[PDB]
file my_file16.txt (compact mmCIF, N, CA and C atoms and all ligand atoms)
# COMPACT_ATOMS: atom_id res chain seq x y z
N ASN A 17 -13.50 7.18 9.43
CA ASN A 17 -12.74 6.92 8.17
C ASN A 17 -11.32 6.47 8.52
N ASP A 18 -11.15 5.19 8.85
CA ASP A 18 -9.82 4.57 9.16
C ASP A 18 -8.89 4.81 7.95
N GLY A 19 -9.28 4.35 6.75
CA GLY A 19 -8.61 4.60 5.46
C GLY A 19 -7.36 3.77 5.19
N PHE A 20 -7.19 2.61 5.81
CA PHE A 20 -5.95 1.83 5.65
C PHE A 20 -6.15 0.73 4.62
N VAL A 21 -5.15 0.53 3.76
CA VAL A 21 -5.01 -0.65 2.87
C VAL A 21 -3.65 -1.31 3.09
N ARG A 22 -3.58 -2.57 2.70
CA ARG A 22 -2.35 -3.35 2.72
C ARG A 22 -2.00 -3.74 1.30
N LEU A 23 -0.73 -3.59 0.94
CA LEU A 23 -0.22 -3.94 -0.40
C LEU A 23 0.58 -5.21 -0.27
N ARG A 24 0.64 -5.91 -1.40
CA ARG A 24 1.55 -7.04 -1.53
C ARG A 24 2.05 -7.04 -2.97
N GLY A 25 3.27 -7.55 -3.20
CA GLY A 25 3.83 -7.63 -4.55
C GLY A 25 4.68 -6.43 -4.96
N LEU A 26 4.85 -5.45 -4.07
CA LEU A 26 5.74 -4.34 -4.49
C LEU A 26 7.10 -4.89 -4.89
N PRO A 27 7.76 -4.30 -5.90
CA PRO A 27 9.16 -4.57 -6.18
C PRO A 27 10.02 -4.44 -4.92
N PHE A 28 11.04 -5.29 -4.84
CA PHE A 28 12.04 -5.17 -3.77
C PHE A 28 12.67 -3.76 -3.87
N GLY A 29 12.71 -3.06 -2.76
CA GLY A 29 13.26 -1.68 -2.78
C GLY A 29 12.38 -0.65 -3.50
N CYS A 30 11.12 -0.96 -3.77
CA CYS A 30 10.10 0.02 -4.23
C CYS A 30 10.16 1.25 -3.36
N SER A 31 10.11 2.39 -3.99
CA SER A 31 10.22 3.68 -3.29
C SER A 31 8.83 4.23 -2.93
N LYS A 32 8.78 5.14 -1.95
CA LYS A 32 7.53 5.88 -1.64
C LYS A 32 7.06 6.70 -2.85
N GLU A 33 8.02 7.24 -3.64
CA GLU A 33 7.68 8.06 -4.84
C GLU A 33 6.80 7.20 -5.76
N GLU A 34 7.22 5.96 -5.97
CA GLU A 34 6.48 5.04 -6.86
C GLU A 34 5.10 4.69 -6.29
N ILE A 35 5.02 4.52 -4.98
CA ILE A 35 3.73 4.11 -4.36
C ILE A 35 2.76 5.28 -4.38
N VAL A 36 3.23 6.49 -4.06
CA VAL A 36 2.31 7.66 -4.09
C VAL A 36 1.77 7.87 -5.51
N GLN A 37 2.66 7.82 -6.51
CA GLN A 37 2.24 8.09 -7.90
C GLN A 37 1.35 6.97 -8.43
N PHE A 38 1.57 5.75 -7.95
CA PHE A 38 0.65 4.63 -8.26
C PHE A 38 -0.77 5.00 -7.83
N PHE A 39 -0.88 5.70 -6.70
CA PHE A 39 -2.18 6.15 -6.14
C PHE A 39 -2.46 7.61 -6.47
N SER A 40 -1.99 8.10 -7.61
CA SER A 40 -2.09 9.55 -7.94
C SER A 40 -3.55 10.01 -7.75
N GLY A 41 -3.76 11.15 -7.08
CA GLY A 41 -5.09 11.76 -6.89
C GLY A 41 -5.87 11.13 -5.75
N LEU A 42 -5.31 10.15 -5.06
CA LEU A 42 -5.91 9.59 -3.84
C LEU A 42 -5.02 10.01 -2.68
N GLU A 43 -5.53 10.90 -1.84
CA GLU A 43 -4.73 11.58 -0.81
C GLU A 43 -4.27 10.61 0.26
N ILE A 44 -2.96 10.54 0.43
CA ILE A 44 -2.28 9.76 1.47
C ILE A 44 -1.90 10.73 2.58
N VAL A 45 -2.09 10.33 3.82
CA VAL A 45 -1.76 11.25 4.92
C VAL A 45 -0.25 11.36 5.04
N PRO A 46 0.27 12.40 5.73
CA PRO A 46 1.71 12.47 5.97
C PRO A 46 2.29 11.22 6.62
N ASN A 47 3.39 10.71 6.04
CA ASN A 47 4.03 9.46 6.52
C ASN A 47 3.01 8.31 6.42
N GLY A 48 2.05 8.41 5.50
CA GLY A 48 0.98 7.41 5.40
C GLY A 48 1.42 6.08 4.81
N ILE A 49 2.60 5.97 4.22
CA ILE A 49 3.10 4.67 3.72
C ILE A 49 4.04 4.08 4.75
N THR A 50 3.68 2.90 5.26
CA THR A 50 4.51 2.16 6.22
C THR A 50 5.18 0.99 5.49
N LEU A 51 6.49 1.05 5.38
CA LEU A 51 7.32 0.00 4.71
C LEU A 51 7.90 -0.95 5.74
N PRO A 52 8.04 -2.25 5.41
CA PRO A 52 8.86 -3.14 6.20
C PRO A 52 10.30 -2.61 6.12
N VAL A 53 11.01 -2.68 7.24
CA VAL A 53 12.48 -2.49 7.29
C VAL A 53 13.13 -3.86 7.38
N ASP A 54 12.36 -4.93 7.26
CA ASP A 54 12.89 -6.32 7.29
C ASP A 54 12.85 -6.96 5.89
N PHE A 55 13.61 -8.04 5.74
CA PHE A 55 13.85 -8.67 4.42
C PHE A 55 12.65 -9.50 3.94
N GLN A 56 11.97 -10.28 4.80
CA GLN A 56 10.83 -11.10 4.31
C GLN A 56 9.72 -10.13 3.86
N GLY A 57 9.40 -9.08 4.62
CA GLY A 57 8.35 -8.12 4.22
C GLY A 57 8.73 -7.44 2.92
N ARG A 58 9.99 -7.11 2.76
CA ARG A 58 10.47 -6.45 1.53
C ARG A 58 10.39 -7.44 0.36
N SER A 59 10.65 -8.71 0.63
CA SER A 59 10.61 -9.76 -0.44
C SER A 59 9.16 -9.99 -0.88
N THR A 60 8.24 -10.07 0.07
CA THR A 60 6.77 -10.14 -0.17
C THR A 60 6.35 -8.88 -0.94
N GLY A 61 6.96 -7.77 -0.64
CA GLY A 61 6.56 -6.49 -1.23
C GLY A 61 5.35 -5.95 -0.50
N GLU A 62 5.35 -6.08 0.83
CA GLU A 62 4.26 -5.58 1.71
C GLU A 62 4.42 -4.08 1.97
N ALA A 63 3.32 -3.43 2.15
CA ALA A 63 3.29 -2.08 2.73
C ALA A 63 1.91 -1.84 3.27
N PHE A 64 1.77 -0.86 4.11
CA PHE A 64 0.44 -0.35 4.47
C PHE A 64 0.38 1.09 4.00
N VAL A 65 -0.78 1.51 3.56
CA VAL A 65 -1.05 2.88 3.13
C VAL A 65 -2.28 3.40 3.84
N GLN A 66 -2.10 4.56 4.46
CA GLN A 66 -3.20 5.25 5.14
C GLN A 66 -3.63 6.45 4.29
N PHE A 67 -4.79 6.33 3.68
CA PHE A 67 -5.46 7.40 2.93
C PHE A 67 -6.15 8.33 3.92
N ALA A 68 -6.49 9.51 3.41
CA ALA A 68 -7.07 10.59 4.24
C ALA A 68 -8.50 10.29 4.69
N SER A 69 -9.19 9.35 4.06
CA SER A 69 -10.53 8.89 4.48
C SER A 69 -10.78 7.45 4.02
N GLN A 70 -11.82 6.79 4.54
CA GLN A 70 -12.17 5.42 4.07
C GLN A 70 -12.74 5.55 2.65
N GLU A 71 -13.43 6.66 2.32
CA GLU A 71 -13.97 6.87 0.96
C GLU A 71 -12.80 6.85 -0.04
N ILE A 72 -11.69 7.49 0.29
CA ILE A 72 -10.48 7.50 -0.59
C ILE A 72 -9.89 6.08 -0.63
N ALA A 73 -9.79 5.41 0.51
CA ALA A 73 -9.22 4.04 0.57
C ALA A 73 -10.09 3.10 -0.27
N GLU A 74 -11.40 3.29 -0.30
CA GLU A 74 -12.29 2.42 -1.11
C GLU A 74 -11.95 2.58 -2.59
N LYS A 75 -11.66 3.80 -3.03
CA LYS A 75 -11.23 4.02 -4.42
C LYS A 75 -9.87 3.34 -4.66
N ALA A 76 -8.93 3.41 -3.71
CA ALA A 76 -7.60 2.77 -3.85
C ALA A 76 -7.76 1.25 -4.10
N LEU A 77 -8.74 0.65 -3.44
CA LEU A 77 -8.93 -0.81 -3.57
C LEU A 77 -9.17 -1.22 -5.04
N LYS A 78 -9.71 -0.33 -5.86
CA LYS A 78 -10.00 -0.63 -7.29
C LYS A 78 -8.74 -0.74 -8.16
N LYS A 79 -7.57 -0.35 -7.67
CA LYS A 79 -6.29 -0.37 -8.44
C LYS A 79 -5.61 -1.77 -8.34
N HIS A 80 -6.29 -2.71 -7.71
CA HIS A 80 -5.76 -4.09 -7.56
C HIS A 80 -5.22 -4.63 -8.90
N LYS A 81 -3.94 -5.02 -8.95
CA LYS A 81 -3.26 -5.64 -10.13
C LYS A 81 -2.79 -4.61 -11.16
N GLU A 82 -2.92 -3.31 -10.88
CA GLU A 82 -2.18 -2.33 -11.68
C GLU A 82 -0.70 -2.55 -11.37
N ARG A 83 0.18 -2.01 -12.18
CA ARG A 83 1.62 -2.33 -12.10
C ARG A 83 2.42 -1.18 -11.49
N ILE A 84 3.51 -1.54 -10.82
CA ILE A 84 4.71 -0.70 -10.64
C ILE A 84 5.82 -1.47 -11.36
N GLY A 85 6.40 -0.86 -12.38
CA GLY A 85 7.32 -1.56 -13.29
C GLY A 85 6.71 -2.88 -13.72
N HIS A 86 7.42 -3.95 -13.47
CA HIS A 86 7.06 -5.31 -13.95
C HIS A 86 6.06 -6.00 -13.01
N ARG A 87 5.79 -5.43 -11.84
CA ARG A 87 5.06 -6.14 -10.77
C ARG A 87 3.60 -5.70 -10.72
N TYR A 88 2.73 -6.67 -10.53
CA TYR A 88 1.29 -6.49 -10.36
C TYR A 88 1.05 -6.31 -8.87
N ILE A 89 0.55 -5.15 -8.47
CA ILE A 89 0.41 -4.81 -7.04
C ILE A 89 -0.97 -5.26 -6.53
N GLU A 90 -0.98 -6.10 -5.50
CA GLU A 90 -2.18 -6.61 -4.83
C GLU A 90 -2.57 -5.66 -3.70
N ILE A 91 -3.86 -5.42 -3.58
CA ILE A 91 -4.39 -4.38 -2.66
C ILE A 91 -5.54 -4.98 -1.86
N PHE A 92 -5.42 -4.89 -0.56
CA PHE A 92 -6.32 -5.52 0.41
C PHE A 92 -6.84 -4.49 1.42
N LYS A 93 -8.09 -4.64 1.84
CA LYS A 93 -8.58 -3.89 3.01
C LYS A 93 -7.67 -4.16 4.22
N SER A 94 -7.47 -3.13 5.04
CA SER A 94 -6.68 -3.19 6.28
C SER A 94 -7.31 -2.29 7.36
N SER A 95 -6.57 -1.99 8.43
CA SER A 95 -7.04 -1.23 9.62
C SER A 95 -5.85 -0.67 10.41
N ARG A 96 -6.09 0.34 11.26
CA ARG A 96 -5.06 0.94 12.14
C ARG A 96 -4.46 -0.16 13.00
N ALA A 97 -5.31 -1.03 13.55
CA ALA A 97 -4.92 -2.15 14.43
C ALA A 97 -3.88 -3.01 13.72
N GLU A 98 -4.13 -3.33 12.46
CA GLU A 98 -3.24 -4.24 11.70
C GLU A 98 -1.90 -3.56 11.43
N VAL A 99 -1.89 -2.25 11.14
CA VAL A 99 -0.63 -1.51 10.85
C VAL A 99 0.25 -1.49 12.10
N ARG A 100 -0.34 -1.33 13.28
CA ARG A 100 0.42 -1.19 14.55
C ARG A 100 0.92 -2.57 14.99
N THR A 101 0.09 -3.60 14.85
CA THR A 101 0.40 -4.99 15.30
C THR A 101 0.31 -5.94 14.11
N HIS A 102 1.32 -5.91 13.23
CA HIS A 102 1.54 -6.87 12.13
C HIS A 102 2.94 -7.47 12.27
CL CL B 1 11.16 7.42 2.80
CL CL B 2 16.74 -5.84 3.52
CL CL B 3 -2.01 -1.61 -14.96
NA NA B 4 -5.21 -6.40 5.77
call {"tool": "encode", "arguments": {"input": "my_file16.txt", "output": "structure tokens"}}
result
Amino acid sequence: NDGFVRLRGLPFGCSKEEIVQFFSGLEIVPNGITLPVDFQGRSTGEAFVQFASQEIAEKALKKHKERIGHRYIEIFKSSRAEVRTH
């Protein structure tokens, strides 16, 4: 159970509080949200999220185009490999 997804479209400066609550009831591992510390990634609104299992990550994939504030959040399958080397 790798459990990784990739987000796109987050608001610039979107907080971890907003991302966790967007995924309310889908368990994220400790430090499971990886944010860009760079400007193009922040402008894209990229993040990676590591859920506690692939079964949980499969449920997260269904939230595609739900909102954080004004923005429609895009949700893609990902992997440990992609989080480490992106
Ligand atoms: Cl933080
Ligand atoms: Cl920045
Ligand atoms: Cl929505
Ligand atoms: Na991906």
call {"tool": "residues_around", "arguments": {"input": "my_file16.txt", "residues": "residue 58 of chain A", "least_positions_apart": "5", "cutoff": "9 Å", "atoms": "only C-alpha atoms", "output": "PDB file with N, CA and C atoms, in the coordinates of the input"}}
result
ATOM      1  N   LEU A  26       4.850  -5.450  -4.070  1.00  0.00           N
ATOM      2  CA  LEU A  26       5.740  -4.340  -4.490  1.00  0.00           C
ATOM      3  C   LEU A  26       7.100  -4.890  -4.890  1.00  0.00           C
ATOM      4  N   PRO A  27       7.760  -4.300  -5.900  1.00  0.00           N
ATOM      5  CA  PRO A  27       9.160  -4.570  -6.180  1.00  0.00           C
ATOM      6  C   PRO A  27      10.020  -4.440  -4.920  1.00  0.00           C
ATOM      7  N   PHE A  28      11.040  -5.290  -4.840  1.00  0.00           N
ATOM      8  CA  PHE A  28      12.040  -5.170  -3.770  1.00  0.00           C
ATOM      9  C   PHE A  28      12.670  -3.760  -3.870  1.00  0.00           C
ATOM     10  N   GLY A  29      12.710  -3.060  -2.760  1.00  0.00           N
ATOM     11  CA  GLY A  29      13.260  -1.680  -2.780  1.00  0.00           C
ATOM     12  C   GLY A  29      12.380  -0.650  -3.500  1.00  0.00           C
ATOM     13  N   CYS A  30      11.120  -0.960  -3.770  1.00  0.00           N
ATOM     14  CA  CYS A  30      10.100   0.020  -4.230  1.00  0.00           C
ATOM     15  C   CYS A  30      10.160   1.250  -3.360  1.00  0.00           C
ATOM     16  N   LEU A  51       6.490   1.050   5.380  1.00  0.00           N
ATOM     17  CA  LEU A  51       7.320   0.000   4.710  1.00  0.00           C
ATOM     18  C   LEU A  51       7.900  -0.950   5.740  1.00  0.00           C
ATOM     19  N   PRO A  52       8.040  -2.250   5.410  1.00  0.00           N
ATOM     20  CA  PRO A  52       8.860  -3.140   6.200  1.00  0.00           C
ATOM     21  C   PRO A  52      10.300  -2.610   6.120  1.00  0.00           C
ATOM     22  N   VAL A  53      11.010  -2.680   7.240  1.00  0.00           N
ATOM     23  CA  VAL A  53      12.480  -2.490   7.290  1.00  0.00           C
ATOM     24  C   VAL A  53      13.130  -3.860   7.380  1.00  0.00           C
ATOM     25  N   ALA A  63       3.320  -3.430   2.150  1.00  0.00           N
ATOM     26  CA  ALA A  63       3.290  -2.080   2.730  1.00  0.00           C
ATOM     27  C   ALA A  63       1.910  -1.840   3.270  1.00  0.00           C
TER      28      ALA A  63
END
call {"tool": "closest_residue", "arguments": {"input": "my_file16.txt", "among": "A:81, A:87, A:31, A:99", "to": "residue 65 of chain A", "atoms": "all atoms listed in the file"}}
result
A:99
call {"tool": "closest_residue", "arguments": {"input": "my_file16.txt", "among": "A:102, A:97, A:92, A:49", "to": "ligand NA 4 (chain B)", "atoms": "all atoms listed in the file"}}
result
A:92
call {"tool": "closest_atom_pairs", "arguments": {"input": "my_file16.txt", "of": "chain A", "to": "ligand NA 4 (chain B)", "cutoff": "7 Å", "atoms": "only N, CA and C atoms and all ligand atoms", "output": "CSV"}}
result
residue,atom,partner,partner_atom,distance
A:21,C,B:NA4,NA,6.0
A:22,N,B:NA4,NA,5.2
A:92,C,B:NA4,NA,5.0
A:93,C,B:NA4,NA,3.7
A:94,CA,B:NA4,NA,3.6
A:95,N,B:NA4,NA,5.3
A:98,CA,B:NA4,NA,6.6
call {"tool": "residues_near_ligand", "arguments": {"input": "my_file16.txt", "ligand": "ligand CL 3 (chain B)", "cutoff": "12 Å", "atoms": "only C-alpha atoms and all ligand atoms", "output": "NGL selection string"}}
result
:A and (38-39 or 78-90)
call {"tool": "atom_distance", "arguments": {"input": "my_file16.txt", "atom1": "atom CA of residue 91 of chain A", "atom2": "atom CA of residue 32 of chain A"}}
result
15.8 Å
call {"tool": "atom_distance", "arguments": {"input": "my_file16.txt", "atom1": "atom CA of residue 25 of chain A", "atom2": "atom N of residue 62 of chain A"}}
result
5.8 Å
call {"tool": "atom_distance", "arguments": {"input": "my_file16.txt", "atom1": "atom CA of residue 37 of chain A", "atom2": "atom CA of residue 61 of chain A"}}
result
16.6 Å
call {"tool": "residues_around", "arguments": {"input": "my_file16.txt", "residues": "residue 73 of chain A", "least_positions_apart": "6", "cutoff": "6.5 Å", "atoms": "all atoms listed in the file", "output": "PyMOL selection string"}}
result
chain A and resi 19-21+67
call {"tool": "write_last_selection", "arguments": {"input": "my_file16.txt", "atoms": "N, CA and C atoms", "output": "PDB file, keeping the file's coordinate frame"}}
result
ATOM      1  N   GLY A  19      -9.280   4.350   6.750  1.00  0.00           N
ATOM      2  CA  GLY A  19      -8.610   4.600   5.460  1.00  0.00           C
ATOM      3  C   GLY A  19      -7.360   3.770   5.190  1.00  0.00           C
ATOM      4  N   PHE A  20      -7.190   2.610   5.810  1.00  0.00           N
ATOM      5  CA  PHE A  20      -5.950   1.830   5.650  1.00  0.00           C
ATOM      6  C   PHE A  20      -6.150   0.730   4.620  1.00  0.00           C
ATOM      7  N   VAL A  21      -5.150   0.530   3.760  1.00  0.00           N
ATOM      8  CA  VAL A  21      -5.010  -0.650   2.870  1.00  0.00           C
ATOM      9  C   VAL A  21      -3.650  -1.310   3.090  1.00  0.00           C
ATOM     10  N   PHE A  67      -4.790   6.330   3.680  1.00  0.00           N
ATOM     11  CA  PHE A  67      -5.460   7.400   2.930  1.00  0.00           C
ATOM     12  C   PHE A  67      -6.150   8.330   3.920  1.00  0.00           C
TER      13      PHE A  67
END
call {"tool": "select_by_dssp", "arguments": {"input": "my_file16.txt", "residues": "chain A", "states": "helix (DSSP H, G or I)", "output": "number ranges by chain"}}
result
A: 32-38, 55-60, 70-77, 96-100
call {"tool": "select_by_dssp", "arguments": {"input": "my_file16.txt", "residues": "chain A", "states": "strand (DSSP E)", "output": "number ranges by chain"}}
result
A: 20-24, 44-50, 63-67, 83-84, 87-88, 90-93
call {"tool": "write_last_selection", "arguments": {"input": "my_file16.txt", "atoms": "N, CA and C atoms", "output": "compact mmCIF listing (two decimals), in the frame of the given file"}}
result
# COMPACT_ATOMS: atom_id res chain seq x y z
N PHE A 20 -7.19 2.61 5.81
CA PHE A 20 -5.95 1.83 5.65
C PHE A 20 -6.15 0.73 4.62
N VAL A 21 -5.15 0.53 3.76
CA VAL A 21 -5.01 -0.65 2.87
C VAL A 21 -3.65 -1.31 3.09
N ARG A 22 -3.58 -2.57 2.70
CA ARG A 22 -2.35 -3.35 2.72
C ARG A 22 -2.00 -3.74 1.30
N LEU A 23 -0.73 -3.59 0.94
CA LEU A 23 -0.22 -3.94 -0.40
C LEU A 23 0.58 -5.21 -0.27
N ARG A 24 0.64 -5.91 -1.40
CA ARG A 24 1.55 -7.04 -1.53
C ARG A 24 2.05 -7.04 -2.97
N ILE A 44 -2.96 10.54 0.43
CA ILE A 44 -2.28 9.76 1.47
C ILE A 44 -1.90 10.73 2.58
N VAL A 45 -2.09 10.33 3.82
CA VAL A 45 -1.76 11.25 4.92
C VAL A 45 -0.25 11.36 5.04
N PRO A 46 0.27 12.40 5.73
CA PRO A 46 1.71 12.47 5.97
C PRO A 46 2.29 11.22 6.62
N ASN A 47 3.39 10.71 6.04
CA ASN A 47 4.03 9.46 6.52
C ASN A 47 3.01 8.31 6.42
N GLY A 48 2.05 8.41 5.50
CA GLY A 48 0.98 7.41 5.40
C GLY A 48 1.42 6.08 4.81
N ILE A 49 2.60 5.97 4.22
CA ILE A 49 3.10 4.67 3.72
C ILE A 49 4.04 4.08 4.75
N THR A 50 3.68 2.90 5.26
CA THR A 50 4.51 2.16 6.22
C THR A 50 5.18 0.99 5.49
N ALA A 63 3.32 -3.43 2.15
CA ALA A 63 3.29 -2.08 2.73
C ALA A 63 1.91 -1.84 3.27
N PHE A 64 1.77 -0.86 4.11
CA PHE A 64 0.44 -0.35 4.47
C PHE A 64 0.38 1.09 4.00
N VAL A 65 -0.78 1.51 3.56
CA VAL A 65 -1.05 2.88 3.13
C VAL A 65 -2.28 3.40 3.84
N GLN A 66 -2.10 4.56 4.46
CA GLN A 66 -3.20 5.25 5.14
C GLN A 66 -3.63 6.45 4.29
N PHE A 67 -4.79 6.33 3.68
CA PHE A 67 -5.46 7.40 2.93
C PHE A 67 -6.15 8.33 3.92
N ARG A 83 0.18 -2.01 -12.18
CA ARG A 83 1.62 -2.33 -12.10
C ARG A 83 2.42 -1.18 -11.49
N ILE A 84 3.51 -1.54 -10.82
CA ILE A 84 4.71 -0.70 -10.64
C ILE A 84 5.82 -1.47 -11.36
N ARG A 87 5.79 -5.43 -11.84
CA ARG A 87 5.06 -6.14 -10.77
C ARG A 87 3.60 -5.70 -10.72
N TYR A 88 2.73 -6.67 -10.53
CA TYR A 88 1.29 -6.49 -10.36
C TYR A 88 1.05 -6.31 -8.87
N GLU A 90 -0.98 -6.10 -5.50
CA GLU A 90 -2.18 -6.61 -4.83
C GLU A 90 -2.57 -5.66 -3.70
N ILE A 91 -3.86 -5.42 -3.58
CA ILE A 91 -4.39 -4.38 -2.66
C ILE A 91 -5.54 -4.98 -1.86
N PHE A 92 -5.42 -4.89 -0.56
CA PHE A 92 -6.32 -5.52 0.41
C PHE A 92 -6.84 -4.49 1.42
N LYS A 93 -8.09 -4.64 1.84
CA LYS A 93 -8.58 -3.89 3.01
C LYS A 93 -7.67 -4.16 4.22
call {"tool": "residues_around", "arguments": {"input": "my_file16.txt", "residues": "residue 47 of chain A", "least_positions_apart": "3", "cutoff": "9 Å", "atoms": "only C-alpha atoms", "output": "PyMOL selection string"}}
result
chain A and resi 44+50+65-66
call {"tool": "closest_residue", "arguments": {"input": "my_file16.txt", "among": "A:59, A:45, A:101, A:68", "to": "ligand CL 2 (chain B)", "atoms": "only N, CA and C atoms and all ligand atoms"}}
result
A:59
call {"tool": "closest_residue", "arguments": {"input": "my_file16.txt", "among": "A:96, A:43, A:17, A:33", "to": "ligand CL 1 (chain B)", "atoms": "all atoms listed in the file"}}
result
A:33
call {"tool": "closest_residue", "arguments": {"input": "my_file16.txt", "among": "A:23, A:55, A:36, A:41", "to": "ligand CL 2 (chain B)", "atoms": "all atoms listed in the file"}}
result
A:55
call {"tool": "closest_residue", "arguments": {"input": "my_file16.txt", "among": "A:56, A:100, A:46, A:40", "to": "ligand CL 2 (chain B)", "atoms": "only C-alpha atoms and all ligand atoms"}}
result
A:56
